[PDB]
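K.L.:
This is upload.cif, which holds mmCIF, C-alpha atoms; chains and numbers go by the auth columns:
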data_entry
loop_
_atom_site.group_PDB
_atom_site.id
_atom_site.type_symbol
_atom_site.label_atom_id
_atom_site.label_comp_id
_atom_site.label_asym_id
_atom_site.label_seq_id
_atom_site.Cartn_x
_atom_site.Cartn_y
_atom_site.Cartn_z
_atom_site.B_iso_or_equiv
_atom_site.auth_seq_id
_atom_site.auth_asym_id
ATOM 1 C CA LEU A 1 39.239 156.829 151.263 0.00 155 A
ATOM 2 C CA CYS A 2 38.463 158.659 154.513 0.00 156 A
ATOM 3 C CA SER A 3 36.458 161.890 154.345 0.00 157 A
ATOM 4 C CA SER A 4 36.835 165.011 156.478 0.00 158 A
ATOM 5 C CA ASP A 5 33.695 166.221 158.244 0.00 159 A
ATOM 6 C CA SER A 6 32.919 168.261 161.351 0.00 160 A
ATOM 7 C CA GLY A 7 29.680 166.370 162.016 0.00 161 A
ATOM 8 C CA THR A 8 31.680 163.858 164.067 0.00 162 A
ATOM 9 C CA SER A 9 33.425 166.401 166.320 0.00 163 A
ATOM 10 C CA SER A 10 31.508 165.094 169.330 0.00 164 A
ATOM 11 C CA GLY A 11 32.932 161.799 170.535 0.00 165 A
ATOM 12 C CA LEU A 12 29.492 160.369 171.339 0.00 166 A
ATOM 13 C CA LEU A 13 28.603 157.427 169.111 0.00 167 A
ATOM 14 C CA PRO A 14 26.745 154.161 169.844 0.00 168 A
ATOM 15 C CA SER A 15 29.255 151.855 168.126 0.00 169 A
ATOM 16 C CA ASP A 16 28.749 154.013 165.032 0.00 170 A
ATOM 17 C CA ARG A 17 32.492 153.945 164.341 0.00 171 A
ATOM 18 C CA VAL A 18 32.823 150.456 165.861 0.00 172 A
ATOM 19 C CA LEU A 19 31.346 147.843 163.519 0.00 173 A
ATOM 20 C CA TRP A 20 32.817 144.350 163.713 0.00 174 A
ATOM 21 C CA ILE A 21 32.687 141.714 160.976 0.00 175 A
ATOM 22 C CA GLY A 22 32.255 138.036 161.749 0.00 176 A
ATOM 23 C CA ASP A 23 30.978 136.102 164.750 0.00 177 A
ATOM 24 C CA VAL A 24 34.006 134.805 166.635 0.00 178 A
ATOM 25 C CA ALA A 25 34.397 133.060 169.984 0.00 179 A
ATOM 26 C CA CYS A 26 37.729 133.022 171.818 0.00 180 A
ATOM 27 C CA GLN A 27 39.083 131.291 174.912 0.00 181 A
ATOM 28 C CA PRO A 28 42.304 130.115 176.587 0.00 182 A
ATOM 29 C CA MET A 29 43.691 127.145 174.711 0.00 183 A
ATOM 30 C CA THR A 30 46.229 124.339 174.985 0.00 184 A
ATOM 31 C CA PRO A 31 48.183 123.619 171.785 0.00 185 A
ATOM 32 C CA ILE A 32 48.518 120.475 169.671 0.00 186 A
ATOM 33 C CA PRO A 33 51.693 118.835 168.309 0.00 187 A
ATOM 34 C CA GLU A 34 53.057 120.048 164.996 0.00 188 A
ATOM 35 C CA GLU A 35 52.106 116.855 163.145 0.00 189 A
ATOM 36 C CA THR A 36 48.479 117.151 164.277 0.00 190 A
ATOM 37 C CA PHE A 37 48.500 120.590 162.651 0.00 191 A
ATOM 38 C CA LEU A 38 49.852 119.056 159.445 0.00 192 A
ATOM 39 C CA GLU A 39 46.982 116.549 159.367 0.00 193 A
ATOM 40 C CA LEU A 40 44.370 119.315 159.330 0.00 194 A
ATOM 41 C CA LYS A 41 46.171 121.300 156.631 0.00 195 A
ATOM 42 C CA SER A 42 46.249 118.387 154.176 0.00 196 A
ATOM 43 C CA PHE A 43 42.674 117.304 154.900 0.00 197 A
ATOM 44 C CA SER A 44 41.375 120.819 154.251 0.00 198 A
ATOM 45 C CA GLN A 45 43.062 120.697 150.842 0.00 199 A
ATOM 46 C CA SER A 46 41.242 117.499 149.865 0.00 200 A
ATOM 47 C CA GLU A 47 37.775 118.675 150.866 0.00 201 A
ATOM 48 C CA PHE A 48 37.897 121.796 148.640 0.00 202 A
ATOM 49 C CA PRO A 49 39.109 120.523 145.254 0.00 203 A
ATOM 50 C CA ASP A 50 38.114 123.756 143.510 0.00 204 A
ATOM 51 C CA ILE A 51 39.757 126.222 145.898 0.00 205 A
ATOM 52 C CA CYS B 1 48.733 89.252 154.183 0.00 1 B
ATOM 53 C CA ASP B 2 47.804 86.710 151.512 0.00 2 B
ATOM 54 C CA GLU B 3 45.185 88.767 149.673 0.00 3 B
ATOM 55 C CA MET B 4 46.597 92.120 148.589 0.00 4 B
ATOM 56 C CA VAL B 5 45.350 94.844 146.248 0.00 5 B
ATOM 57 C CA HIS B 6 47.269 97.947 145.216 0.00 6 B
ATOM 58 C CA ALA B 7 45.758 101.418 144.983 0.00 7 B
ATOM 59 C CA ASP B 8 44.825 103.317 141.806 0.00 8 B
ATOM 60 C CA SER B 9 47.409 106.112 141.912 0.00 9 B
ATOM 61 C CA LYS B 10 46.187 107.661 138.648 0.00 10 B
ATOM 62 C CA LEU B 11 44.936 110.523 140.817 0.00 11 B
ATOM 63 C CA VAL B 12 48.209 112.486 140.895 0.00 12 B
ATOM 64 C CA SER B 13 48.655 115.788 142.713 0.00 13 B
ATOM 65 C CA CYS B 14 51.851 116.107 144.756 0.00 14 B
ATOM 66 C CA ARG B 15 53.361 119.389 145.965 0.00 15 B
ATOM 67 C CA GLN B 16 57.144 119.418 146.309 0.00 16 B
ATOM 68 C CA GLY B 17 57.214 121.012 149.736 0.00 17 B
ATOM 69 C CA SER B 18 60.576 119.373 150.436 0.00 18 B
ATOM 70 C CA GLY B 19 63.129 118.103 147.940 0.00 19 B
ATOM 71 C CA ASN B 20 64.719 115.324 149.981 0.00 20 B
ATOM 72 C CA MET B 21 61.359 113.706 150.805 0.00 21 B
ATOM 73 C CA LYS B 22 58.280 114.399 148.694 0.00 22 B
ATOM 74 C CA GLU B 23 54.680 115.020 149.735 0.00 23 B
ATOM 75 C CA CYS B 24 51.355 114.165 148.139 0.00 24 B
ATOM 76 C CA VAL B 25 47.623 114.183 148.886 0.00 25 B
ATOM 77 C CA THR B 26 45.198 111.761 147.235 0.00 26 B
ATOM 78 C CA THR B 27 41.875 109.956 147.614 0.00 27 B
ATOM 79 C CA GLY B 28 39.728 107.418 145.807 0.00 28 B
ATOM 80 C CA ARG B 29 37.823 104.163 146.178 0.00 29 B
ATOM 81 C CA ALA B 30 38.989 100.577 146.575 0.00 30 B
ATOM 82 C CA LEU B 31 37.577 97.045 146.430 0.00 31 B
ATOM 83 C CA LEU B 32 39.557 94.472 148.402 0.00 32 B
ATOM 84 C CA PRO B 33 38.301 90.910 148.989 0.00 33 B
ATOM 85 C CA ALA B 34 37.473 89.723 152.485 0.00 34 B
ATOM 86 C CA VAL B 35 40.341 87.963 154.245 0.00 35 B
ATOM 87 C CA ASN B 36 39.968 84.841 156.358 0.00 36 B
ATOM 88 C CA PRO B 37 39.479 85.421 160.102 0.00 37 B
ATOM 89 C CA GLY B 38 42.594 85.744 162.230 0.00 38 B
ATOM 90 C CA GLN B 39 44.639 87.314 159.412 0.00 39 B
ATOM 91 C CA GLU B 40 45.249 90.850 158.169 0.00 40 B
ATOM 92 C CA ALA B 41 44.699 92.306 154.706 0.00 41 B
ATOM 93 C CA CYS B 42 46.955 94.854 153.022 0.00 42 B
ATOM 94 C CA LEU B 43 46.647 97.870 150.736 0.00 43 B
ATOM 95 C CA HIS B 44 49.617 99.054 148.686 0.00 44 B
ATOM 96 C CA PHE B 45 50.348 102.696 147.889 0.00 45 B
ATOM 97 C CA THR B 46 52.312 103.758 144.827 0.00 46 B
ATOM 98 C CA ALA B 47 53.932 107.005 143.725 0.00 47 B
ATOM 99 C CA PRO B 48 55.343 107.989 140.320 0.00 48 B
ATOM 100 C CA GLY B 49 58.719 108.307 142.017 0.00 49 B
ATOM 101 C CA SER B 50 60.518 105.065 142.743 0.00 50 B
ATOM 102 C CA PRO B 51 62.205 104.887 146.157 0.00 51 B
ATOM 103 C CA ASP B 52 59.405 105.542 148.669 0.00 52 B
#
What would you get if you wrote out this structure as C-alpha cells?

P.N.:
Amino acid sequence: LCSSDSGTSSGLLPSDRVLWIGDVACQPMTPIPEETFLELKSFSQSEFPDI
Amino acid sequence: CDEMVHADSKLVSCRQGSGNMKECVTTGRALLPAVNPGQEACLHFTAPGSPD
C-alpha cells in the first residue's frame, strides 16, 4: 500500500526512492546451444533435492 | 566389454516432460571391477519402462 504525503513534494532525494535489491553484474553475452541449457537445468535439479 | 555391471535404478524420479520419449534424472554410486589394459568397461542403465 502506497501512502499519500506532501513531505515528498520536492523531487530532491539521494536514492531515497531508488533502493535496489541484489548485487548483479551484467555484460554483453554470446549464447549457448539449446542442449547446453538443458544440461544446466537438470543438474540444478539434482543438487537441490529438497527444493 | 567383458566385465559389465548394471546400475542400481531403485532411485526413481522421472518427469514426463514428453510422452513420446521420456525423461529422468538420477544419481548414485557404483563399484565396477578394473578391466584389463587395452579394453573398455561398460555401465548399463535401466528404466522401469521397457523400450529405451

K.L.:
Using all atoms listed in the file, which residue out of A:199, A:156, A:169, A:186 lies closest to chain B?

P.N.:
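Counting all atoms listed in the file, the residue closest to chain B is A:199.
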
K.L.:
Can you list, as a PyMOL selection string, every protein, DNA or RNA residue that comes within 12 Å of residue B:23 when you count all atoms listed in the file, leaving out same-chain residues fewer than 2 positions away?

P.N.:
(chain A and resi 192+196) or (chain B and resi 12-21+25-26+47-49+52)

K.L.:
In Å, how far is it from atom CA of residue B:29 to atom CA of residue B:51?

P.N.:
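If I compute the distance from atom CA of residue B:29 to atom CA of residue B:51, I get 24.4 Å.
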
K.L.:
Using all atoms listed in the file, find the one residue out of B:7, B:35, B:43, B:28 that sits nearest to chain A.

P.N.:
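Between B:7, B:35, B:43, B:28, the residue approaching chain A most closely is B:28.
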
K.L.:
Rounded to one decimal place, report the atom CA of residue B:8-atom CA of residue B:24 distance in Å.

P.N.:
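Atom CA of residue B:24 lies 14.2 Å from atom CA of residue B:8.
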
K.L.:
Spell out the residues picked by the PyMOL selection byres ((chain A) within 12 of (chain B)) here, as a ChimeraX atom specification.

P.N.:
/A:192-193,195-201,203

K.L.:
Please report the interatomic distance between atom CA of residue B:40 and atom CA of residue A:190 in Å with one decimal.

P.N.:
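So the two atoms, atom CA of residue B:40 and atom CA of residue A:190, lie 27.2 Å apart.
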
K.L.:
Report, as JSON, the axis-aligned box around all atoms of stretch 157-173 of chain A present in the file, extended by 8 Å on each side; give centre and edge lengths in Å to one decimal place.

P.N.:
{"center_x": 31.8, "center_y": 158.1, "center_z": 162.8, "size_x": 26.1, "size_y": 36.4, "size_z": 33.0}

K.L.:
Please list as a list in words every residue within 12 Å of residue B:2, counting only C-alpha atoms and excluding residues in the same chain fewer than 2 positions away.

P.N.:
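Result of the neighbour search: residues 4, 5, 32, 33, 34, 35, 36, 38, 39, 40, 41, 42 and 43 of chain B.
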